[PDB]
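First up is the structure itself, then whatever we jot down about it.
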Amino acid sequence: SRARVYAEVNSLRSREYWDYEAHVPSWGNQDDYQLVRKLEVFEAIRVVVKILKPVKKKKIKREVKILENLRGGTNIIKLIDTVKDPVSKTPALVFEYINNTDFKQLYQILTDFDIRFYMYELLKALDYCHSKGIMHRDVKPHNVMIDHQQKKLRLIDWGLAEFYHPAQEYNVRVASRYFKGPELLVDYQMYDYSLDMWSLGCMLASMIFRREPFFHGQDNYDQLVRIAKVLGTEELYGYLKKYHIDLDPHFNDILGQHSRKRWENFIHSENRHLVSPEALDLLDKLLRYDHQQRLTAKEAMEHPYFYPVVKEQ
Ligand SMILES: O=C1C=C2C[C@]3(O)COc4c(ccc(O)c4O)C3=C2C=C1O
Ligand SMILES: [Cl-]
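All letters in the sequence shown, in the order written, are residues 8 to 46, 53 to 58, 65 to 332 by the authors' numbering.
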């Protein structure tokens with residue numbers, strides 16, 4: 008399997024780009040930054068300070084190299100410095116301050132324009148990083164930072180983000196349960212930037228249908244079952260057949276007969292305004308079992324759904 012876009016990007020670049028094992032950060036004095044408040054992560058002297072956890076050294080390079088690569092990115096959060104504590108020789112990331120407004124409080128008040136705006140802003144981010152050979156693997160509304168007064172956005176926490184090298188197999192052990200795409204739930208390693216487009220999409224469902232999460236699996240197997248109830252099982256099975264995927268025996272007695280529903284099955288009085296058939300066209304093109312069948316980040320910014328947002332640019 009391969010990416011429809013940006014697939015060579017890293018290959019055409021100096022090894023130094025994407026070989027993070029070879030990265031050597033300069034760690035600075037965290038005494039430049041004092042605890043003000045806690046979010053883990055803290056606010057400080065403004066900034067936000069991330070204390071890297073009991074994590075292997077290799078995992079840390081990957082997140083610094085990637086943040087430097089994406090420095091100067093549209094709607095991508097930015098790194099002011101990487102530091103350590105004098106007494107505590109533990110590594111630390113320090114980011115620009117965005118004045119957050121927790122998505123659970125801010126989603127319920129969104130207008131059918133707010134949604135496309137903030138989704139457009141997300142796609143600006145995802146496409147930019149997809150164009151640098153990096154894939155996020157952790158797009159949830161938690162990692163989507165918004166300032167509704169400022170109407171700014173930042174995609175955050177690149178703790179999990181990996182460089183894309185074609186035909187490379189990746190850990191299927193990433194992302195949050197609700198925003199995991201089918202590739203992760205059926206143990207398929209040869210995934211790419213499409214994953215984030217499932218993530219994003221999943222969030223689209225939530226924003227216009229106000230069912231948050233949209234796919235609320237109660238375990239990791241159920242998370243695929245929950246998806247088969249919308250998208251249908253036959254279309255699922257064909258997807259597995261195509262990529263010659265071994266289906267774990269536990270899925271045997273928990274899928275069965277399921278039908279492609281109508282994305283309109285999810286409209287009701289409370290969400291009526293927020294749905295437009297342009298939302299329901301993009302959305303379909305975004306939530307497809309087959310990672311390759313899915314919209315790219317670019318093709319998405321082109322969907323009609325955003326014609327109202329491009330107009331006021
Ligand atoms: O891994 C993380 C995790 C967070 C959690 C979180 O604290 C959310 O809230 C934030 C923020 C950063 C700046 C900011 O201004 C803000 O409000 C966050 C992060 C950045 C990261 O890289
Ligand atoms: Cl990983």
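Note that CB positions come from ideal geometry on N, CA and C, so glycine has one too.
Would residue i pass as a contact of residue j if the rule is Cβ separation under 9 Å?
{"i": "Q169", "j": "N94", "result": "no"}
{"i": "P160", "j": "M222", "result": "yes"}
{"i": "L243", "j": "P185", "result": "no"}
{"i": "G152", "j": "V16", "result": "yes"}
{"i": "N162", "j": "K199", "result": "no"}
{"i": "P32", "j": "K80", "result": "yes"}
{"i": "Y183", "j": "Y212", "result": "yes"}
{"i": "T130", "j": "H292", "result": "yes"}
{"i": "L214", "j": "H322", "result": "no"}
{"i": "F114", "j": "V66", "result": "yes"}
{"i": "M209", "j": "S8", "result": "yes"}
{"i": "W34", "j": "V102", "result": "yes"}
{"i": "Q312", "j": "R229", "result": "no"}
{"i": "residue 335", "j": "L274", "result": "With the chain running from 8 to 332 in the structure shown, residue 335 is simply not present."}
{"i": "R22", "j": "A29", "result": "yes"}
{"i": "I286", "j": "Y207", "result": "no"}
Among all the DSSP beta bridges, which residues are the ones paired with residue i?
{"i": "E181", "result": "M154"}
{"i": "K171", "result": "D166"}
{"i": "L112", "result": "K69, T101"}
{"i": "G35", "result": "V102"}
{"i": "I95", "result": "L174"}
{"i": "residue 52", "result": "Since the model of the chain includes 46 and then 53 but nothing between them, residue 52 has no atomic positions to report."}
{"i": "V54", "result": "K69"}
{"i": "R44", "result": "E56"}
Quick one, which of the options has its alpha-carbon nearest residue i's?
{"i": "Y324", "options": "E231, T315, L302", "result": "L302"}
{"i": "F55", "options": "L112, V191, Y13, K77", "result": "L112"}
{"i": "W177", "options": "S195, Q127, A10, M154", "result": "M154"}
{"i": "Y116", "options": "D131, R173, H149, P110", "result": "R173"}
{"i": "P105", "options": "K171, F234, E321, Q37", "result": "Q37"}
{"i": "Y13", "options": "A180, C148, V158", "result": "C148"}
{"i": "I134", "options": "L314, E297, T315, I96", "result": "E297"}
{"i": "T315", "options": "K143, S288, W25", "result": "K143"}
{"i": "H235", "options": "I227, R245, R229", "result": "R245"}
{"i": "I165", "options": "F228, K123, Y326", "result": "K123"}
{"i": "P268", "options": "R156, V205, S18", "result": "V205"}
{"i": "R11", "options": "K78, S150, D26", "result": "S150"}
{"i": "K69", "options": "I175, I286, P327, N271", "result": "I175"}
{"i": "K248", "options": "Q332, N284, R44, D157", "result": "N284"}
{"i": "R279", "options": "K260, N271, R307, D272", "result": "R307"}
{"i": "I96", "options": "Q41, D272, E140, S21", "result": "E140"}
{"i": "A224", "options": "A57, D157, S295, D241", "result": "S295"}
{"i": "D272", "options": "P110, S195, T252, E289", "result": "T252"}
{"i": "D157", "options": "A57, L125, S195, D121", "result": "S195"}
{"i": "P110", "options": "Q187, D265, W282, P73", "result": "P73"}
{"i": "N290", "options": "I227, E331, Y258", "result": "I227"}
{"i": "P327", "options": "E318, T120, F132", "result": "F132"}
List the whole-angstrom C-beta distance separating residue i from residue j, where the pair is believed to meet the contact cut-off of C-beta under 8 Å.
{"i": "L71", "j": "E87", "result": "That pair is no contact at about 15 Å."}
{"i": "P232", "j": "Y197", "result": "4 Å"}
{"i": "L219", "j": "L299", "result": "With a Cβ gap of about 15 Å, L219 and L299 do not count as contacting."}
{"i": "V191", "j": "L179", "result": "At roughly 12 Å, the Cβ-Cβ gap does not stay under 8 Å, so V191 and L179 are not in contact."}
{"i": "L203", "j": "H167", "result": "Between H167 and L203 the Cβ distance is about 31 Å, and since that is not below 8 Å, they are no contact."}
Next item on the list: Go through the residues and name those whose CB comes closer than 7 Å to any heavy atom of ligand 1, in chain order.
Entry: That gives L46, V54, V67, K69, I96, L112, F114, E115, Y116, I117, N118, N119, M164, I175, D176, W177, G178.
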